[PDB]
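For clarity, chains are labelled A, B, C, D, E, F, G, H, I, J, K and L in written order, and residue numbers in each chain start from 1.
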Amino acid sequence: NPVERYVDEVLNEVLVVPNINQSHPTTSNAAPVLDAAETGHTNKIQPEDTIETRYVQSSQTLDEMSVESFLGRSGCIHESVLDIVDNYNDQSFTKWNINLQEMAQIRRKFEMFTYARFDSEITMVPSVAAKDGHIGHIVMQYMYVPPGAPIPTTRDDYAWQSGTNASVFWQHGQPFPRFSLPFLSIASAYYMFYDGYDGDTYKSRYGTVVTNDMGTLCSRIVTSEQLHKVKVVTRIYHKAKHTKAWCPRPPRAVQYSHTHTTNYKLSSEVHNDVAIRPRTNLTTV
Amino acid sequence: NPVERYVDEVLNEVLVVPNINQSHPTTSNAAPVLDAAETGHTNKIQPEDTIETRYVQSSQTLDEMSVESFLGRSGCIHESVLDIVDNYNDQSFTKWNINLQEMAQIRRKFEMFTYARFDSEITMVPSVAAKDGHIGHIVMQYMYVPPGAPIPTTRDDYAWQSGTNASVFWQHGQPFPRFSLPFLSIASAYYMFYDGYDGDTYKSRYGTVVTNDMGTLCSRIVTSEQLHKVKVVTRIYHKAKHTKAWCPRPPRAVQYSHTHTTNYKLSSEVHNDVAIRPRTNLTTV
Amino acid sequence: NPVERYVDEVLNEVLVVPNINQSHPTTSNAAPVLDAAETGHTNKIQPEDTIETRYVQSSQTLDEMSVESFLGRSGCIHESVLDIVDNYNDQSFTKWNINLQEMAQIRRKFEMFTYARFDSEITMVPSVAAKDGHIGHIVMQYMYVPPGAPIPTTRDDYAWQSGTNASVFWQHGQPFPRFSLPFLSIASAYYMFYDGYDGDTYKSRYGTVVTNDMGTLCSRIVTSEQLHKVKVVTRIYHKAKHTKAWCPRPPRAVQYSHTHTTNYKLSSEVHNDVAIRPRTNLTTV
Amino acid sequence: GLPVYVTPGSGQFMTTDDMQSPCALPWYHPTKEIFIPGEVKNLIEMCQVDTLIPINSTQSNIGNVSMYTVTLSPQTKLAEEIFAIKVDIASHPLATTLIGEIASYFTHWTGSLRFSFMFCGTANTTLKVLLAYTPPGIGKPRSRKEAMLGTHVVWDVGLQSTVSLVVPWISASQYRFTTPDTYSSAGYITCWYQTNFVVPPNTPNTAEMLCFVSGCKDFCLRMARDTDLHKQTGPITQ
Amino acid sequence: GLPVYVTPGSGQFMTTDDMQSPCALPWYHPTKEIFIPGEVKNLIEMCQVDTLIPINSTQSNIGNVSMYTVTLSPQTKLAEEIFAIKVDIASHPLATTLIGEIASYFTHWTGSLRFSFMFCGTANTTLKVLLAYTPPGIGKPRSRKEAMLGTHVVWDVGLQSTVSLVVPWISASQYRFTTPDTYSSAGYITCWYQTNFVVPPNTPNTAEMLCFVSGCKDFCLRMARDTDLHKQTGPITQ
Amino acid sequence: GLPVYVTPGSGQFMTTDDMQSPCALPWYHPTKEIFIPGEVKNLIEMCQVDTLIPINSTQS
Amino acid sequence: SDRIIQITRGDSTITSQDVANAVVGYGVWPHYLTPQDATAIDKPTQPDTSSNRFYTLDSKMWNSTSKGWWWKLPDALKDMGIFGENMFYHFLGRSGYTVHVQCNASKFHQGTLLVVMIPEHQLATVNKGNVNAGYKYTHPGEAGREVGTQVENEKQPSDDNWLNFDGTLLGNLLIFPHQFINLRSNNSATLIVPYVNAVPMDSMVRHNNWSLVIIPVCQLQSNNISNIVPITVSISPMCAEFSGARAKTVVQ
Amino acid sequence: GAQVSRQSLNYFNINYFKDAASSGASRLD
Amino acid sequence: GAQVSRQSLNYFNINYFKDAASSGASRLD
Amino acid sequence: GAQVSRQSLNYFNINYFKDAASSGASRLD
Amino acid sequence: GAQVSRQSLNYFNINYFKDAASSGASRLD
Amino acid sequence: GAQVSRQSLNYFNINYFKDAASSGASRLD
């Protein structure tokens, strides 16, 4: 019943955890506690098998641990800066090669899977700093330039006409812009990792940079030059919707250093590069 | 009938008080007025038992005296200050260890019960004071940091990315932010009082501080440094929704002095520390 | 079923592409690969006819390639400027002879057809530049003056009364104005091209200027003169809705030079005037 | 009134949004529609029509009809190469063909391509040519033997002037980028002499050949974008 | 129009809100989904798989595989302690195990834990060990006798290399904080020699043992939060 | 879109209003309720219990 | 007996009298590409028994100081009979595998190998900025890579076995299909993996789908160290199919 | 989430968000 | 202007203004 | 786009835009 | 709170808040 | 004030205020 299912959604009780059943003393030549990790399988032994348990009714749910929930939270993926210092025509616009690799927090989460397929919700948070006292009337234009489309080279470039590309215009004072994007890959899933090259020569590129080109985000302050200089910082937040993930992997253990690569740096004292805290010895808790 | 019940909701006539019935002179060896408070029970005698009453139709309702009503009013629980004086990077962000013990008004009400379970509605009222004349474009970020998550130590800390924590962004000019939170305890009810410790040594902590850790609220002015200095005060209002309370207790009789503790201070003239007004004598009304 | 059709709309699977079927070796005196382009028809040969294909299930859709989709994107068609320099009465209003020929991006797309019929959605993006520091209270008036109606000659002209013409008033701070217009021609379709004149003499006009008169757009800053000078730029965006197109034609290969005419300019080195990149020779890929 | 919650996105203007808006001309009744031949409903209709490939666009040929022709002639060396181009739909010289221009208004492409060739020599001129398609993952073939190992068609010139070679969709991913991208380069098409250009006496010793391109039933474009095959470097005035 | 009442909260952006928003790419049709082995639908699926505990992570061992092994050898004193650690899911050395890492993305935890141990000595090496779990409210056991009074398993090494000890959920509250908190510390796990490591002549006098951890059917995490087991101290560049 | 008329009162924050608001912790499942003796549902329950009157509250 | 196993593929049959069961990666058995998931439209070639057979790689020596070894598929098989030929003559390829690792010692030896199959094992470089592992280094062929021997070069990948050569901790490798060869229990490890990728078929020359990693987590010890204890790997493709035939690609 | 009652006096107890915490004050008793 | 369909999956193709030009993008084919 | 259920407790799973990407978080399992 | 009448000319006397004081002007007589 | 018609193409001629002057332009003839 879509209604009963509905109630489960409101209460977040879609995935319940099993109860613990009462168990009793045993004397048998069947030893569940014994197994062989060599097989590659995890011993499925449960509490009832090793101790005398009571009956307990579980009310915990796994809804919040779902992949949709894990990746369904908006996080920052880019901080775009437009700092008008001394040349409005040059400093009033910029561009960014889109990717989800510049901010560790969300990058690490997605990278816990090998492949993932999802729709995206983008929310933008622009903040105008009045460097000289006034901000006047700020209007912004965020244009998505898919790979191949002409990238504007000046604040009045014809490409800003956006005759086909999708552009979003925001007016200072109005609520934060937000829009959705469908799964964009030319493949069936996004590659979080890619053990391949774009060629077979010593100079061929390696990794996700070969497969994850998302194009460019071009921004510009639509308003023409004003007396008072401003610094506009637009933070882009991303959230995955209708998510699917495949082949889980270990979490990143060391800091990230670059985009599209698993490269890392190690100091002379490696224990400082990982979250593992040295133990005094084996018996010191 | 959900509709008849609905009408009762609109009219606030869900809980009616009983009528007074007509009574008559009596001469009996049954004396309701006499009892024994030693038992611990309150004598249930009513007006009809001690005087000759008339019949009166009651129209008073107890709806407003319900626990949901008593605690269902938004009150201030914190006043967060961000005063830009001489160092923007240091003064543009702060943190608060969440609790409902800093403001006497709502604290006293909740503390009339031993345990309570409820959902919370948080409403924020930010006010930007233009110390130097302009306020420019103010954008705020309120991030909830549950116990364990990394607390930002600088206004550009990576933790502000909010890859998982819930953050609320407010833009000056837009309506007051507001969101709901589900009952958060790891127990079945919140402890308003706790006669226990987190250990069994002379240095173990005592009281609700042991059980009521709600984490940290971290705020920051998203906007980068501006010419004109501002002072942003964000007042947090809390309201209990879908409330349940257990074991009522006496109301706080003296001023509060600290959070998570029933400690109090007494002056040399105690009658000044309590609301009791000295009587001239027993017969002076 | 309007509902099944609805699902196809949400999923964008209204126009599916055919599957590829398995094919086999052939030895026949029927040679599909051979034909005669002289006829003017394109040889309808498919992959299954020239190689041994496998069976493949197509999931590609042509929805996005529809004429409605191709022309249904809002693009800039005009940038109106009101720059208050030294004379408010003269510089606070202007006029534009409406046309879709001034911006190459959308012009080129419409011009891929000979005739087209559509409704229009106009969205305006005004941005006020505070040249002197303040913008005060800006209110704009955009009045559509159909051919024949009196064109205002001063900022207080009686024609601004808009007793019949449609006018749109925008208040700075409020969301971007937007309205729709029905197919406006006196003919059954708009002429994207017109091999005709408005007379039969050496001085008769040639081209779409004869048939595509849309009237004038007159703007003015309603607010009376203010201390601080501002520069208001209003960008007009146009989008075709409920579109129909006839007789496709080749795309514009050289830059546009003027409105209502296919005129172009050629340099001494023509290869620089077209997008064709010179080849080293026939066998150099 | 009805309590409402204004959601993020409100008040924004997205050029690709799909909302309704009041009509500025109420009561207005549009001109009646009449029948006009040639209605187009989908761009695919235009991608299915053959247009000429400016295959011979060397710097000296550009600006001349000869940029559209390939010259054939009696050879003194066997299996000589005639021409070679990339199969990538928006790469040169395919870029300015109708299908290349349309593909340039989209980010992704897929499907099979149809290449046609019309011989223009005399009715008495004979010739057998080999047209080959080399899937990616290898350089363009250096000889007919190398090319012949891939997909190909042996064209015998005769009563029927034209032949068609279909470049099947052989890709790892379902789609490819229309813009030049290593990962998605589609391969090459090369032409070689199978036998030789032969003519009787008193007959022109050279002949032209025309090349066309169009999409097959499975051709499809995706993700609309602005084209980079046309620009505006200044204002367009009256 | 319809009278409306704008409610508080309007226009705000909450990173965890769940609203709808217009699509920037109308009419776009996503690439067809294909079957890929290994789909994960819930993180619990990963918490149920055994991973190794870097139990021997002393400063000199970190950065070596040996940080994952415990060495056993013939004893000259009876009932000697082998190792001892806290049972707290996100405490060290459990922190970097897969289940510890995932738990670190949540504020609350509950359920029973499964600790496994694989002996790696020769096929001729014998040994009996006592694995014990000490519920909270008391210090870690100082002797085998003390430990043995709690929950425990006596492991006899033989044909089957591995044994599992289940740490039952014995708590006052239904959940515990994943971060170190006095009120919710879960207790300890200690290992002691039950008999002795015994080998025949000409056999290595020491042997390694591996330790795994995973969650039982009742394991569950709650209240998503950002992890403190990974950080970003600078920009990540191209 | 649907034409609307913003009414006075909009955007205000009344401490006694009764509106709904998005939940900051989606999918979160609260701890199961257990039985605790002494539940109170209405303050009248407390007004019906006898308490002592500090009737002899002279300053001394 | 549950300790015995016989695997027959094509003209090859392999046995082991001391196994620890077998592991089917992600529970999916290799299978041919279906028309619903296919994209390339030419008829594929399926060599069958001439390609889906066991190929034994170069043996390695396991000694007290070995740090580990790794091979990449299909790279490791690029020069193996018909399978190898097919992957170079065709643009596209698709295949699953049966991986059988062999290592016998004695009931007086001890040691433990962690055998793992990793999908998309994108190797890292250490302290070299944004310079990535060079093609040549991630394509060692049947020789595979002996961790801790290669004299460093700029495009040389990481050799940190405890960091999985990619910035993740070794103890969590168990989240990938794996098995252990614990000398006291078994003398072999068997893993059957299906084709895993975000595309139905791919270039076998530029994309390595699976990586076989072998790390000795428990040092090899005995009282007869002079006796060499090798490790041998035999891999059999399964349901191998190719498409996009042309001339043979020559690499380098 | 609409609890449509009928009596005509129709009641529409709508729950605009998918979490129980999101709803308003509780009904009594 | 409501084109209410039913299948339950009800469709509400509402036209908020009284002019045809006012409506959104057209359906296809 | 209204998925009207009935039980009376009526459910209104409305999809305000015509693209699937536009809708909110997915249902589980 | 919807007092849905029918005659079709349907009436929707909606009461948006749960207090009687909240409603508009009263009907007459 | 809802003049709900049906044909399904349902019409909703809603009158949001209680005065006749408040409604929009008149229908014709």
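One rule holds in what follows: a residue touches a chain if its C-beta (ideal position, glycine included) is under 8 Å from a C-beta of that chain, and two chains touch if they have at least 3 such contacts.
Between B-K and C-G, more C-beta contact pairs are found at C-G. When chain centres are taken as C-alpha averages, the shortest distance to the whole-protein C-alpha average belongs to A.
If you average the CA atoms of chain D and of chain K, the two centres end up 65 Å from each other.
One finds 73 Å separating the Cα centroids of chain G and chain L. Chain B and chain I, compared by their mean Cα positions, are separated by 49 Å. The geometric centre of chain D is 58 Å away from that of chain E, both derived from CA atoms. Of all residues in chain H, those touching 2 or more other chains are 1, 3, 5-6, 9, 11, 15-25, 29, listed in ascending order. Within chain B, contacts with two or more other chains are made by residues 6, 9, 15, 66, 123, 158-159, 161-164, 166, 168-169, 171, 174-176, 178-188.
Among all residues of chain E, those that touch two or more other chains are 1-26, 28-29, 31-32, 34, 36-38, 41, 46, 49-50, 54, 63, 67, 96, 98, 101, 105, 118, 161, 173-175, 210, 212, 222-224, 226-227, 231-233, 237-238. Taken in their complex, chain A has these residues touching chain B: 73-76, 103-106, 108-109, 125-135, 138, 172-173, 175-176, 231, 233, 235, 237. By the touch rule above, chain I contacts chain C in their complex via residues 3, 5-7, 9, 11, 13, 19-29. Only residues 11, 13, 15-17, 19-25, 28, 30-34, 36-46, 48-50, 54-59, 62-63, 67, 70, 81-86, 92-93, 95-96, 98, 101, 105-106, 110-112, 114, 116, 118, 140, 151, 153, 155, 160-166, 168-169, 174, 188, 190, 210, 212, 214, 216-224, 226-227, 229-233, 235-238 of chain E touch chain A when the two sit together in their complex.
Residue ranges of chain C in contact with chain J, taken from their complex: 6, 9-12. Within the complex, the chain B residues that touch chain A are 133-134, 136-139, 158-164, 166, 169, 171, 173-174, 222-228.
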